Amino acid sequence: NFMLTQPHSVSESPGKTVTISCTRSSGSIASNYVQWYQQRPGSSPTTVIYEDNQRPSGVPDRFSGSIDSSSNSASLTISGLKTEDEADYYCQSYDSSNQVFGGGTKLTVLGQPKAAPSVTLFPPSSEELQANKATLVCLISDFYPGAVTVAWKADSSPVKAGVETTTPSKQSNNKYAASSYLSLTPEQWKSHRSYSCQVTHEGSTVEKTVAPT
């Protein structure tokens, strides 16, 4: 019946405080109870607020809900920010005949140690060249923050065709990983003396190079 409007993302340093809003599009926010949920990547959600400002047993008091009738909005205030708060947050409420979620708010903790990428590069395999293909495989790991650029070379020329490259993903050790794949023909791999994978991170650059051997 109604919809719930959230800010797409919010971002703040450890030990500070953030607020996430949840604006009801139609009818009073206070008509029915508003809940909030926490979801970490590769996990199901969990209740963090119920009934506007109640907490389920085991949730830290750091997390607190509220309602403003003026801006027709629920809110979730999160205080003393911790590395574990790095999660996606949702509000939900209901009508007698439908349950309604908010669009989501991505939380990130602006203050964790910088880490340069561990980079590895593999050449096309004999089996893949016998299958009349070639893939240069560049693997990028253990970096923070989770933002990198990757730029291939054929001896010195910047390669742009045949490149397929991942948006980075968070590893088990809070750092990030990414994959980059330069597709070639078996002859392109051998017309050049060498191919390199260059990775740029916080302005610094890390390189591996390989040749037909």
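When you see a residue number, it is the position in the sequence shown, counting from 1.
- For the two regions 104-112 and 119-127, the entry's Cα B-factors average higher over 104-112.
- The question of which stretch, 189-197 or 19-27, has the higher mean Cα B factor is settled in favour of 189-197.
- Going by the entry's values, 147 shows the largest Cα B-factor out of 147, 34, 178, 48.
- When the CA B factors of the chain's modelled residues are split into thirds, the value for residue 174 lands in the highest one.
- Per the PDB record, residue ranking by Cα B-factor puts residue 183 in the middle third of the chain.
- Placement of the Cα temperature factor of residue 71 within the chain: middle third of the modelled residues, per the deposited record.
- In the PDB entry, a CA B factor belonging to the lowest third of its chain's modelled residues is recorded for residue 92.
- Per-chain ranking of the deposited C-alpha B factor places residue 5 in the lowest third.
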